[PDB]
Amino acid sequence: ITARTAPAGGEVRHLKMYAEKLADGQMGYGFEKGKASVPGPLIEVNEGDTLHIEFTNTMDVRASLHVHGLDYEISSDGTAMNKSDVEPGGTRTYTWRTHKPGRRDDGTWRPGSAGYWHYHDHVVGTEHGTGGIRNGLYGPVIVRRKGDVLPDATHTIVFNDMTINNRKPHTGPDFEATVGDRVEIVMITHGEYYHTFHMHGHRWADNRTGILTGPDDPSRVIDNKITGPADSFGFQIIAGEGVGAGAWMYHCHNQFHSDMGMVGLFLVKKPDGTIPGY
């Protein structure tokens, strides 16, 4: 494999994070005051790393940080039940851990933390975060196994109720690549609706990484993926492979949802910077 690959983990990492009310009524996470985004920033770590997140709630209401997939003690589960949220103006240090897979004392096989995960609020509006999630308090988390193939770029597409990344209908987002780039999609669903994520001109493997290990990998190959509230998956594709440059649609294939605006463009450019037909 002459492609870049993930190294072995085991670092202790530190991170400051804020929750911020945005001028338009939304709420968003950020690594710096004044730089919050919806989706929130991407967190990426290696199996076996530990992450300490000093989280500050700059909002006028209680807020929290709850994560999927990774190891965390009950003091870091981000629920009010377990006294794990943060009052207005407060600050709390959450700890997430990850581990490599391996053999248990009893001979069984313990799975590792690697995968396409996510984090979101758990106490704004209700004790399940219905208000925070709706306002934009969600973001992606990636845990890499040693040897995993690394991309040229990562993009995050979140189906939040009937919007993509909390955008107005029929406003994308759109992404650009050049034929040949190795592009990574992290795909997360939130809210109360069910969807199917479809991408013209490309396909991926329905397994942890989106890639086949080789001629023996039994994972099915798909271009349409059903998803419900709090599902998360990811894949990599070679932009334009076998199909060439173009304005390639991605959307929810639910005919009502795409009619209502859940559509965007994956713009794959020729080497001269152009898109066939434009």
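Position 1 is the first residue in the sequence shown; the rest follow in order.
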Higher mean Cα B-factor in the deposited model: 104-112 or 130-138? 104-112
Among all modelled residues of this chain, ranked by Cα B factor, put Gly264 in the bottom, middle or top third, i.e. lowest, middle or highest. lowest
For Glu184, the third of its chain into which the C-alpha B factor falls: lowest
Check where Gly242 lands among this chain's C-alpha B-factors and tell me if it's the lowest, middle or highest third. lowest
Lowest, middle or highest third: which one holds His99 when the chain's residues are ordered by CA B-factor from the entry? middle
Lowest, middle or highest third - CA B-factor, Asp223: lowest
